[PDB]
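Worksheet for the structure shown next.
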Amino acid sequence: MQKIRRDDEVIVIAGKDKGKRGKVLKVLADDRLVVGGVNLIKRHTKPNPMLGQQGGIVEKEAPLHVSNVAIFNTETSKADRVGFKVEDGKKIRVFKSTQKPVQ
Amino acid sequence: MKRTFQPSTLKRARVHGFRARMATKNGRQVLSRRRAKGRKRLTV
Amino acid sequence: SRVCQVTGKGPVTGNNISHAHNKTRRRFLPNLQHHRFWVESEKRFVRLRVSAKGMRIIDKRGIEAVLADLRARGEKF
Amino acid sequence: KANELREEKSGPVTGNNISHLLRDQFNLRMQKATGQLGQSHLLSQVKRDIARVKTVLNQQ
Amino acid sequence: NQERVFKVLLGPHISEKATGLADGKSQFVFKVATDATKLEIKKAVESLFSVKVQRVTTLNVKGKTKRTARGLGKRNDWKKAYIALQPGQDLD
RNA sequence: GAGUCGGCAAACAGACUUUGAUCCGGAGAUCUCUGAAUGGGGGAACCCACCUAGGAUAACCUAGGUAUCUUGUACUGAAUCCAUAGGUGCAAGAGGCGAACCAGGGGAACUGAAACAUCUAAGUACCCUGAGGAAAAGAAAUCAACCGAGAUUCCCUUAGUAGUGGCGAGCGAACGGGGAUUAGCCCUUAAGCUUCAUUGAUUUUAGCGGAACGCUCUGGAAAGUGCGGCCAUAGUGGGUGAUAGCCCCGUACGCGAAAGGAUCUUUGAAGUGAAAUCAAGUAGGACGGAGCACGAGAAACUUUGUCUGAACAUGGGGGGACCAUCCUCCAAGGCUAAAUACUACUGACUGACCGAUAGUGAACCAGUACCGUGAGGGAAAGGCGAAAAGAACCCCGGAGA
RNA sequence: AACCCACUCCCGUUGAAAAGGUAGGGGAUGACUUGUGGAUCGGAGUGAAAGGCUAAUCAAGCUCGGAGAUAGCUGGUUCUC
RNA sequence: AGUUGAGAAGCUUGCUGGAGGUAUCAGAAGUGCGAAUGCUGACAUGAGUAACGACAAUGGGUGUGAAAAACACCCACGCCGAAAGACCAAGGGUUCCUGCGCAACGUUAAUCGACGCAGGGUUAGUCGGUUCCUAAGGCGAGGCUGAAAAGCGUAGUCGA
Ligand SMILES: [Mg+2]
Ligand SMILES: [Mg+2]
Ligand SMILES: [Mg+2]
Ligand SMILES: [Mg+2]
Ligand SMILES: [Mg+2]
Ligand SMILES: [Mg+2]
Ligand SMILES: [Mg+2]
Ligand SMILES: [Mg+2]
Ligand SMILES: [Mg+2]
Ligand SMILES: [Mg+2]
Ligand SMILES: [Mg+2]
Ligand SMILES: [Mg+2]
Ligand SMILES: [Mg+2]
Ligand SMILES: [Mg+2]
Ligand SMILES: [Mg+2]
Ligand SMILES: [Mg+2]
Ligand SMILES: [Mg+2]
Ligand SMILES: [Mg+2]
Ligand SMILES: [Mg+2]
Ligand SMILES: [Mg+2]
Ligand SMILES: [Mg+2]
Ligand SMILES: [Mg+2]
Ligand SMILES: [Mg+2]
Ligand SMILES: [Mg+2]
Ligand SMILES: [Mg+2]
Ligand SMILES: [Mg+2]
Ligand SMILES: [Mg+2]
Ligand SMILES: [Mg+2]
Ligand SMILES: [Mg+2]
Ligand SMILES: [Mg+2]
Ligand SMILES: [Mg+2]
Ligand SMILES: [Mg+2]
Ligand SMILES: [Mg+2]
Ligand SMILES: [Mg+2]
Ligand SMILES: [Mg+2]
Ligand SMILES: [Mg+2]
Ligand SMILES: [Mg+2]
Ligand SMILES: [Mg+2]
Ligand SMILES: [Mg+2]
Ligand SMILES: [Mg+2]
Ligand SMILES: [Mg+2]
Ligand SMILES: [Mg+2]
Ligand SMILES: [Mg+2]
Ligand SMILES: [Mg+2]
Ligand SMILES: [Mg+2]
Ligand SMILES: [Mg+2]
Ligand SMILES: [Mg+2]
Ligand SMILES: [Mg+2]
Ligand SMILES: [Mg+2]
Ligand SMILES: [Mg+2]
Ligand SMILES: [Mg+2]
Ligand SMILES: [Mg+2]
Ligand SMILES: [Mg+2]
């Protein structure tokens with residue numbers, strides 16, 4: 001249905017920060033993913049009006065494309081493609097290297 | 001120095017209006033031709 | 001229009017050829033006059049414009065027969 | 001919901017129900033004109049709830 | 001109808017000319033529905049505020065027209081009613 | 001099946017829910033005023049109403065109805081004794097719009113002829129009226145020469161040939177061959193076609209699963225340099241920070257429907273075809289015109305505006321003036337699928353097609369802005385980066401640029 | 001005199017104005033001038049008649065089709081040997 | 001920039017550029033512009049030249065402001081007064097009023113504005129409409145006339 005939900009933990013392939021073990025926070029609609037901890041950006045933002053403040057340079061994460069991460073396996077400890085070879089009452093996300101269901 | 005256009009509204013609607021064009025038979029063909037080109041107005 | 005109520009004749013068109021073949025258009029109208037016809041069953045005159053070829057058919061078929069199929073094509077007499 | 005309103009709620013019972021939330025629609029159009037309405041989700045909610053009870057009064 | 005009373009009033013119209021109007025006089029400016037008569041808003045004030053009103057005047061407002069790029073823009077026109085009450089029972 | 005509140009558009013608020021929330025398909029309910037617009041009028045998006053029942057307080061509100069014509073149908077009844085016109089009440093159908101296609105009604109001129117009248121252009125442009133998803137046409141009073149062929153429609157030849165033509169410009173057949181397609185039924189009343197009741201098949205409006213890769217260099221970033229391996233009914237698709245069969249979506253394949261939509265077919269019903277009964281003001285004839293390739297020409301044949309007029313299968317009419325002999329068909333009543341023409345709209349593909357002065361007038365909020373009293377005319381306008389990371393902070397300046 | 005009209009001179013002609021201006025002129029109770037609303041249209045209207053006017057266009061408007069009309073007539077026709 | 005061929009032209013390199021290119025030999029062409037009073041955008045010469053829109057007329061002060069011949073107030077001069085003043089009908093369509101501004105506009109500058117952004121602002125039994133009735137004129141059930149479109153017109157109902 002989609003290989004990557006919100007509450008998953010992944011690793012990064014082919015980026016500025018490759019091999020970084022991460023964890024998905026927010027999934028966008030143009031299949032771009034904000035991974036918590038990686039791809040840091042800094043924005044020169046004016047301090048806010050209407051009795052607010054922002055101050056200066058504040059970090060946040062910039063999203064990256066869905067083809068550049070994969071579901072991490074923790075039994076060979078490397079990236080693995082996932083699939084739906086097993087379905088009996090629901091399409092269960094199952095690895096293809098070992099045919100074992102993800103959690 | 002009378003120019004050729006002296007404006008009104010009661011004379012404009014009775015000659016060029018919708019119920020003037022729709023009454024005759026040539027004018028109902030003026031409506032379909034001007035509609036099918038795709039003009040926004042159809043009634044000047 | 002110039003049609004008949006018995007035979008169905010409308011005007012046609014043709015030419016008006018001269019002695020050097022200068023073609024020009026005209027109309028062939030049919031002869032048709034008003035006339036009153038006595039019936040017996042309704043015992044009254046009926047008036048309807050017919051041709052001279054419609055006068056010859058009324059004298060042949062009869063008035064009650066030609067009035068019948070005039071009604072049986074759905075017309076006013 | 002709609003399964004509640006089918007559940008043995010008659011013509012007069014739901015017919016009195018419309019005149020209840022027309023009050024709640026009126027009071028949310030008076031507070032919006034003045035400066036006291038923060039719950040903007042309530043304003044677009046009773047429009048989608050007068051529509052339900054008008055639907056079930058044509059299907060029996 | 002049982003309805004149609006909860007439709008003809010869309011709120012007050014407090015401003016500089018309506019604040020001073022409700023104090024020196026007793027006249028309250030509402031922003032009535034787009035097509036309402038002088039009877040069916042005489043009833044919707046006696047119902048929804050339990051006060052007796054003597055007489056009602058109305059007027060129509062045209063919408064102001066903006067002119068930016070990609071055409072013109074016509075704001076929504078709307079009606080307005082001055083509700084002149086009794087000298088007692090200033091409403092809420 | 002886990003995120004969501006359409007786009008230009010973008011922020012800050014308020015929020016909804018693990019299975020039915022957005023999202024996608026089937027069916028329904030609501031559906032303001034205009035418009036054939038249809039209760040009467042109007043300057044289109046406005047005004048004034050009646051009537052019936054149901055409620056509601058000197059002021060109303062829900063629910064319906066209320067146009068003309070064409071048919072049918074009960075009631076009513078003028079001069080007029082009867083009884084027709086006429087007038088009401090009800091039932092059924094039509095009206096309007098749409099690009100091309102088809103059949104009919106009406107029908108030009110420029111231009112060719114190195115001028116121009118007959119003739120061409122041309123029964124073409126345009127204008128009306130019809131109907132259909134196709135229409136029309138069709139079952140021999142047809143062609144052939146003493147041989148024979150048997151409905152129509154369409155393509156390729158006969159052939160630019162015989163003819164026609166101020167015998168000028170030009171216009172132009174048939175007979176016979178080759179193919180596409182393959183039904184003929186009735187006036188003693190028929191196939192067939194409609195509309196429902198029917199039993200199965202076929203797809204159609206949403207979907208689902210869907211094979212196989214590692215290390216190493218340079219680089220901002222590897223799909224690339226290297227070194228190997230695997231998949232295949234999937235290897236020249238798209239896109240991912242640069243060139244990817246094996247990263248992502250897809251593809252070859254396999255399965256898919258509560259419910260509607262049709263298409264073939266089931267076997268019934270109601271119809272209808274349908275005009276009654278083998279064809280009379282009909283064939284032929286005489287002036288005047290058209291259509292036949294055929295511009296009165298030895299001019300046959302079909303048509304109809306005016307005027308006339310037969311034989312009754314021992315009859316009739318055809319075989320290009322006309323006449324005798326032979327051959328071949330049954331006119332004046334009807335019904336018929338297929339091969340065929342077209343695309344405003346759909347979907348899948350495909351390109352020795354375009355790449356923002358090209359391709360639609362229009363990649364951009366285009367029939368818009370603007371120009372006209374109107375009909376009508378009608379433009380110019382694409383590109384930061386892989387990602388907004390779209391420049392905190394300081395100095396000059398009007399506290400700006 | 002308002003008002004309608006246009007006889008003379010000069011200025012203007014890229015004008016303030018695609019027909020004016022400043023000075024002077026003619027009619028000014030009538031074959032008058034004018035406001036609103038209607039009627040007549042393209043080989044056709046209107047005309048105290050000049051071939052004048054019919055939306056700054058008139059010896060027969062404007063617009064869309066026939067139509068890429070016809071031109072023995074002008075103008076142009078692109079890299080090398 | 002160099003260099004090679006009779007020529008059309010070819011070849012190797014310095015910088016800019018930041019992702020596509022086409023030996024060789026055959027095909028298919030919307031296949032090569034200086035000129036058509038050619039077409040559509042850009043920029044010149046004229047030239048910092050003519051003009052800046054009636055020959056009713058302006059001169060000080062005080063203020064604001066980054067900056068006053070033109071803005072506000074003050075004092076004094078001028079000009080229309082059968083209009084250069086008031087008001088209805090058309091017609092226009094928010095130009096009216098107040099905060100905020102001055103890049104563009106306004107034939108110059110602008111703190112000013114009929115100019116930008118944000119708010120505000122039109123109260124009717126008697127005034128004008130609608131409602132009632134008609135003039136010219138329009139449409140016109142039935143009805144006559146007409147190849148078809150359609151034309152004319154009675155009852156009628158619109159039209160100040
Ligand atoms: Mg001729
Ligand atoms: Mg009022
Ligand atoms: Mg609007
Ligand atoms: Mg009507
Ligand atoms: Mg009506
Ligand atoms: Mg029709
Ligand atoms: Mg000629
Ligand atoms: Mg000629
Ligand atoms: Mg020739
Ligand atoms: Mg010639
Ligand atoms: Mg047929
Ligand atoms: Mg037939
Ligand atoms: Mg024989
Ligand atoms: Mg046969
Ligand atoms: Mg799948
Ligand atoms: Mg796959
Ligand atoms: Mg590719
Ligand atoms: Mg790149
Ligand atoms: Mg690929
Ligand atoms: Mg990889
Ligand atoms: Mg027979
Ligand atoms: Mg004959
Ligand atoms: Mg014969
Ligand atoms: Mg013969
Ligand atoms: Mg012979
Ligand atoms: Mg273009
Ligand atoms: Mg370009
Ligand atoms: Mg005057
Ligand atoms: Mg004088
Ligand atoms: Mg005098
Ligand atoms: Mg003369
Ligand atoms: Mg003129
Ligand atoms: Mg031609
Ligand atoms: Mg030409
Ligand atoms: Mg590429
Ligand atoms: Mg060229
Ligand atoms: Mg050039
Ligand atoms: Mg040359
Ligand atoms: Mg210049
Ligand atoms: Mg000079
Ligand atoms: Mg000089
Ligand atoms: Mg000078
Ligand atoms: Mg001046
Ligand atoms: Mg004076
Ligand atoms: Mg005076
Ligand atoms: Mg404005
Ligand atoms: Mg102002
Ligand atoms: Mg300026
Ligand atoms: Mg302003
Ligand atoms: Mg009246
Ligand atoms: Mg009248
Ligand atoms: Mg009539
Ligand atoms: Mg009439």
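We label chains A, B, ... in the order they appear in the structure tokens, count residues from 1 in each chain, and number ligands from 1 in the order shown.
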Please find the residues contacting ligand 38 at a distance of at most 9 Å between atoms, with only C-alpha atoms (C1' of nucleotides) and all ligand atoms counted, and report them as an MDAnalysis selection string.
(chainID G and resid 76:78) or (chainID H and resid 33:35)
Taking only region 3-75 of chain C into account, list the residues labelled helix (DSSP H, G or I) by DSSP (computed from the backbone), as JSON, numbers by chain.
{"C": [52, 53, 54, 55, 56, 57, 58, 59, 60, 61, 63, 64, 65, 66, 67, 68, 69, 70, 71]}
Which chain C residues are at most 10 Å from chain H (counting only C-alpha atoms (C1' of nucleotides)), as an MDAnalysis selection string?
chainID C and resid 1:2 10:13 27
At a cut-off of 10 Å around ligand 23, and using only C-alpha atoms (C1' of nucleotides) and all ligand atoms, what residues come up? Please write them as a list in words.
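The residues within 10 Å of ligand 23, counting only C-alpha atoms (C1' of nucleotides) and all ligand atoms, are residues 141, 283, 284, 301, 302, 317, 318 and 331 of chain F.
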Those residues you just picked out, can you put them in a file as a PDB file, in the first residue's frame with N, CA and C atoms (P, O5', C5', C4', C3', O3' and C1' of nucleotides)?
ATOM      1  P     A F 141     -40.918  -3.726 -62.116  1.00  0.00           P
ATOM      2  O5'   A F 141     -41.781  -3.865 -63.440  1.00  0.00           O
ATOM      3  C5'   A F 141     -41.364  -3.256 -64.650  1.00  0.00           C
ATOM      4  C4'   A F 141     -41.935  -3.981 -65.839  1.00  0.00           C
ATOM      5  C3'   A F 141     -41.508  -3.473 -67.199  1.00  0.00           C
ATOM      6  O3'   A F 141     -40.243  -3.984 -67.577  1.00  0.00           O
ATOM      7  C1'   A F 141     -43.846  -3.871 -67.168  1.00  0.00           C
ATOM      8  P     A F 283     -50.031   8.011 -65.796  1.00  0.00           P
ATOM      9  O5'   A F 283     -49.958   6.936 -66.964  1.00  0.00           O
ATOM     10  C5'   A F 283     -49.105   5.810 -66.869  1.00  0.00           C
ATOM     11  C4'   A F 283     -49.231   4.917 -68.076  1.00  0.00           C
ATOM     12  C3'   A F 283     -48.810   5.511 -69.409  1.00  0.00           C
ATOM     13  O3'   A F 283     -47.410   5.525 -69.613  1.00  0.00           O
ATOM     14  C1'   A F 283     -50.872   4.414 -69.664  1.00  0.00           C
ATOM     15  P     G F 284     -46.707   6.733 -70.404  1.00  0.00           P
ATOM     16  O5'   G F 284     -47.593   6.943 -71.706  1.00  0.00           O
ATOM     17  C5'   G F 284     -47.332   6.210 -72.893  1.00  0.00           C
ATOM     18  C4'   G F 284     -48.423   6.401 -73.920  1.00  0.00           C
ATOM     19  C3'   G F 284     -48.443   7.734 -74.633  1.00  0.00           C
ATOM     20  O3'   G F 284     -47.483   7.851 -75.662  1.00  0.00           O
ATOM     21  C1'   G F 284     -50.619   7.207 -73.951  1.00  0.00           C
ATOM     22  P     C F 301     -40.496   6.945 -76.104  1.00  0.00           P
ATOM     23  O5'   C F 301     -39.604   6.707 -74.814  1.00  0.00           O
ATOM     24  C5'   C F 301     -39.391   5.404 -74.301  1.00  0.00           C
ATOM     25  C4'   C F 301     -38.576   5.456 -73.038  1.00  0.00           C
ATOM     26  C3'   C F 301     -39.136   6.345 -71.947  1.00  0.00           C
ATOM     27  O3'   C F 301     -40.154   5.720 -71.191  1.00  0.00           O
ATOM     28  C1'   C F 301     -36.839   6.814 -72.236  1.00  0.00           C
ATOM     29  P     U F 302     -41.385   6.586 -70.639  1.00  0.00           P
ATOM     30  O5'   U F 302     -40.902   7.054 -69.201  1.00  0.00           O
ATOM     31  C5'   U F 302     -40.241   6.154 -68.326  1.00  0.00           C
ATOM     32  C4'   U F 302     -39.413   6.900 -67.317  1.00  0.00           C
ATOM     33  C3'   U F 302     -40.168   7.938 -66.514  1.00  0.00           C
ATOM     34  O3'   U F 302     -40.858   7.363 -65.422  1.00  0.00           O
ATOM     35  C1'   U F 302     -38.154   8.877 -67.326  1.00  0.00           C
ATOM     36  P     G F 317     -49.117  -0.837 -74.475  1.00  0.00           P
ATOM     37  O5'   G F 317     -47.946  -0.135 -73.657  1.00  0.00           O
ATOM     38  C5'   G F 317     -47.629  -0.535 -72.324  1.00  0.00           C
ATOM     39  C4'   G F 317     -46.148  -0.545 -72.080  1.00  0.00           C
ATOM     40  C3'   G F 317     -45.327  -0.023 -73.252  1.00  0.00           C
ATOM     41  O3'   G F 317     -44.163   0.626 -72.760  1.00  0.00           O
ATOM     42  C1'   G F 317     -44.676  -2.222 -72.760  1.00  0.00           C
ATOM     43  P     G F 318     -43.387   1.713 -73.650  1.00  0.00           P
ATOM     44  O5'   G F 318     -41.870   1.323 -73.424  1.00  0.00           O
ATOM     45  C5'   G F 318     -41.166   0.612 -74.419  1.00  0.00           C
ATOM     46  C4'   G F 318     -40.163  -0.338 -73.828  1.00  0.00           C
ATOM     47  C3'   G F 318     -39.052  -0.750 -74.771  1.00  0.00           C
ATOM     48  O3'   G F 318     -38.042   0.231 -74.880  1.00  0.00           O
ATOM     49  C1'   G F 318     -39.923  -2.665 -73.732  1.00  0.00           C
ATOM     50  P     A F 331     -46.694  -5.414 -61.736  1.00  0.00           P
ATOM     51  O5'   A F 331     -46.747  -3.962 -62.363  1.00  0.00           O
ATOM     52  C5'   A F 331     -45.616  -3.398 -63.009  1.00  0.00           C
ATOM     53  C4'   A F 331     -45.797  -1.915 -63.155  1.00  0.00           C
ATOM     54  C3'   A F 331     -46.907  -1.349 -62.293  1.00  0.00           C
ATOM     55  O3'   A F 331     -46.469  -1.090 -60.975  1.00  0.00           O
ATOM     56  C1'   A F 331     -47.183  -0.599 -64.503  1.00  0.00           C
TER      57        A F 331
END
Using only C-alpha atoms (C1' of nucleotides) and all ligand atoms, which protein or nucleic acid residues are at most 9 Å from ligand 17, as a PDB file with N, CA, C and O atoms (P, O5', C5', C4', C3', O3' and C1' of nucleotides), in the first residue's frame?
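Generated output (part07.pdb):
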ATOM      1  P     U F 236      12.226  -3.442 -23.944  1.00  0.00           P
ATOM      2  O5'   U F 236      12.433  -1.871 -23.943  1.00  0.00           O
ATOM      3  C5'   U F 236      13.472  -1.309 -24.723  1.00  0.00           C
ATOM      4  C4'   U F 236      14.278  -0.278 -23.978  1.00  0.00           C
ATOM      5  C3'   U F 236      13.732   1.132 -24.073  1.00  0.00           C
ATOM      6  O3'   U F 236      14.211   1.927 -22.987  1.00  0.00           O
ATOM      7  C1'   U F 236      15.715   0.944 -25.366  1.00  0.00           C
ATOM      8  P     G F 237      13.319   2.141 -21.664  1.00  0.00           P
ATOM      9  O5'   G F 237      12.666   3.587 -21.826  1.00  0.00           O
ATOM     10  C5'   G F 237      11.689   3.855 -22.821  1.00  0.00           C
ATOM     11  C4'   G F 237      10.341   4.176 -22.228  1.00  0.00           C
ATOM     12  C3'   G F 237      10.307   5.257 -21.168  1.00  0.00           C
ATOM     13  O3'   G F 237      10.375   6.563 -21.703  1.00  0.00           O
ATOM     14  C1'   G F 237       8.975   3.435 -20.480  1.00  0.00           C
ATOM     15  P     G F 238      11.521   7.575 -21.220  1.00  0.00           P
ATOM     16  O5'   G F 238      11.063   8.020 -19.764  1.00  0.00           O
ATOM     17  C5'   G F 238      10.271   9.183 -19.577  1.00  0.00           C
ATOM     18  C4'   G F 238       9.244   8.983 -18.495  1.00  0.00           C
ATOM     19  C3'   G F 238       9.607   9.508 -17.120  1.00  0.00           C
ATOM     20  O3'   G F 238       9.438  10.907 -16.950  1.00  0.00           O
ATOM     21  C1'   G F 238       8.798   7.326 -16.899  1.00  0.00           C
ATOM     22  P     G F 239      10.640  11.789 -16.340  1.00  0.00           P
ATOM     23  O5'   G F 239      10.169  12.224 -14.874  1.00  0.00           O
ATOM     24  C5'   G F 239       9.601  11.304 -13.938  1.00  0.00           C
ATOM     25  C4'   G F 239      10.376  11.227 -12.644  1.00  0.00           C
ATOM     26  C3'   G F 239      11.638  12.094 -12.593  1.00  0.00           C
ATOM     27  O3'   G F 239      11.862  12.514 -11.239  1.00  0.00           O
ATOM     28  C1'   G F 239      12.219   9.876 -12.222  1.00  0.00           C
ATOM     29  P     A F 244      20.492   5.671 -17.365  1.00  0.00           P
ATOM     30  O5'   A F 244      20.819   4.817 -16.063  1.00  0.00           O
ATOM     31  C5'   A F 244      21.600   3.632 -16.137  1.00  0.00           C
ATOM     32  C4'   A F 244      21.043   2.520 -15.282  1.00  0.00           C
ATOM     33  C3'   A F 244      19.609   2.090 -15.598  1.00  0.00           C
ATOM     34  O3'   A F 244      19.497   0.673 -15.456  1.00  0.00           O
ATOM     35  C1'   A F 244      19.785   2.628 -13.323  1.00  0.00           C
TER      36        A F 244
END
Compile the contact shell of region 45-60 of chain D as a PyMOL selection string: residues with an atom at most 12 Å away, counting only C-alpha atoms (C1' of nucleotides), same-chain residues fewer than 6 positions apart removed.
(chain D and resi 1-29+39) or (chain E and resi 3) or (chain F and resi 15-16+28-30)
Dump the neighbourhood of ligand 7 as a PyMOL selection string: all residues within 9 Å, distances computed on only C-alpha atoms (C1' of nucleotides) and all ligand atoms.
chain F and resi 109-111+116
Let me see the file: selected residues, N, CA and C atoms (P, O5', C5', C4', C3', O3' and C1' of nucleotides), as a PDB file, in the first residue's frame.
ATOM      1  P     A F 109     -25.214  34.212 -62.237  1.00  0.00           P
ATOM      2  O5'   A F 109     -23.887  35.067 -62.192  1.00  0.00           O
ATOM      3  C5'   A F 109     -23.923  36.396 -61.714  1.00  0.00           C
ATOM      4  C4'   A F 109     -22.749  36.687 -60.829  1.00  0.00           C
ATOM      5  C3'   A F 109     -21.389  36.436 -61.435  1.00  0.00           C
ATOM      6  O3'   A F 109     -20.966  37.452 -62.334  1.00  0.00           O
ATOM      7  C1'   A F 109     -21.449  35.521 -59.275  1.00  0.00           C
ATOM      8  P     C F 110     -19.989  37.099 -63.560  1.00  0.00           P
ATOM      9  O5'   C F 110     -18.541  37.223 -62.934  1.00  0.00           O
ATOM     10  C5'   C F 110     -18.158  38.390 -62.233  1.00  0.00           C
ATOM     11  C4'   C F 110     -17.051  38.103 -61.255  1.00  0.00           C
ATOM     12  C3'   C F 110     -15.767  37.596 -61.860  1.00  0.00           C
ATOM     13  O3'   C F 110     -14.962  38.634 -62.374  1.00  0.00           O
ATOM     14  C1'   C F 110     -16.354  36.241 -60.023  1.00  0.00           C
ATOM     15  P     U F 111     -14.226  38.468 -63.786  1.00  0.00           P
ATOM     16  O5'   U F 111     -13.700  36.974 -63.779  1.00  0.00           O
ATOM     17  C5'   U F 111     -12.471  36.643 -63.162  1.00  0.00           C
ATOM     18  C4'   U F 111     -12.301  35.154 -63.065  1.00  0.00           C
ATOM     19  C3'   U F 111     -11.924  34.466 -64.351  1.00  0.00           C
ATOM     20  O3'   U F 111     -10.568  34.644 -64.685  1.00  0.00           O
ATOM     21  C1'   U F 111     -13.594  33.223 -63.272  1.00  0.00           C
ATOM     22  P     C F 116     -14.699  38.688 -71.299  1.00  0.00           P
ATOM     23  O5'   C F 116     -16.032  38.560 -72.138  1.00  0.00           O
ATOM     24  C5'   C F 116     -16.991  39.600 -72.119  1.00  0.00           C
ATOM     25  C4'   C F 116     -18.077  39.365 -73.133  1.00  0.00           C
ATOM     26  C3'   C F 116     -18.992  38.195 -72.840  1.00  0.00           C
ATOM     27  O3'   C F 116     -20.049  38.544 -71.973  1.00  0.00           O
ATOM     28  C1'   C F 116     -18.232  38.059 -75.063  1.00  0.00           C
TER      29        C F 116
END
Could you list, as number ranges by chain, all protein and nucleic acid residues with an atom at most 8 Å from ligand 50, counting only C-alpha atoms (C1' of nucleotides) and all ligand atoms?
H: 133-134, 157-159
Using only C-alpha atoms (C1' of nucleotides), which protein or nucleic acid residues come within 10 Å of residue 77 (chain C)? Drop anything in the same chain fewer than 3 positions from it, and give the result as a count of residues only.
10
For ligand 27, collect every residue having any atom at a distance of at most 10 Å from a ligand atom (counting only C-alpha atoms (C1' of nucleotides) and all ligand atoms); output as a ChimeraX atom specification.
/F:355-356,382-383
Please check which protein, DNA or RNA residues sit within 10 Å of ligand 45, counting only C-alpha atoms (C1' of nucleotides) and all ligand atoms, and write them as a PyMOL selection string.
chain H and resi 80-83
Just give me the gap between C1' of residue 89 (chain F) and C1' of residue 76 (chain F) in Å, one decimal is fine.
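Straight-line distance from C1' of residue 89 (chain F) to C1' of residue 76 (chain F) works out to 10.2 Å.
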Do you know which residues are within 8 Å of ligand 4 using only C-alpha atoms (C1' of nucleotides) and all ligand atoms? Can you write them as a VMD selection string?
chain F and resid 37 to 38 40 to 41 67
Please build the interface table for chain F against ligand 13 with a cut-off of 12 Å, listing for each qualifying residue the nearest atom pair and the distance in Å to one decimal; count only C-alpha atoms (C1' of nucleotides) and all ligand atoms, order rows by chain and increasing number, and write it as a Markdown table.
| residue | atom | partner | partner_atom_place_in_ligand_line | distance |
| --- | --- | --- | --- | --- |
| F:144 | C1' | ligand 13 | 1 (Mg) | 11.3 |
| F:145 | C1' | ligand 13 | 1 (Mg) | 10.8 |
| F:146 | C1' | ligand 13 | 1 (Mg) | 8.8 |
| F:147 | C1' | ligand 13 | 1 (Mg) | 9.6 |
| F:148 | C1' | ligand 13 | 1 (Mg) | 7.7 |
| F:149 | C1' | ligand 13 | 1 (Mg) | 10.7 |
| F:326 | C1' | ligand 13 | 1 (Mg) | 11.7 |
| F:327 | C1' | ligand 13 | 1 (Mg) | 7.8 |
| F:328 | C1' | ligand 13 | 1 (Mg) | 8.1 |
| F:329 | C1' | ligand 13 | 1 (Mg) | 11.9 |
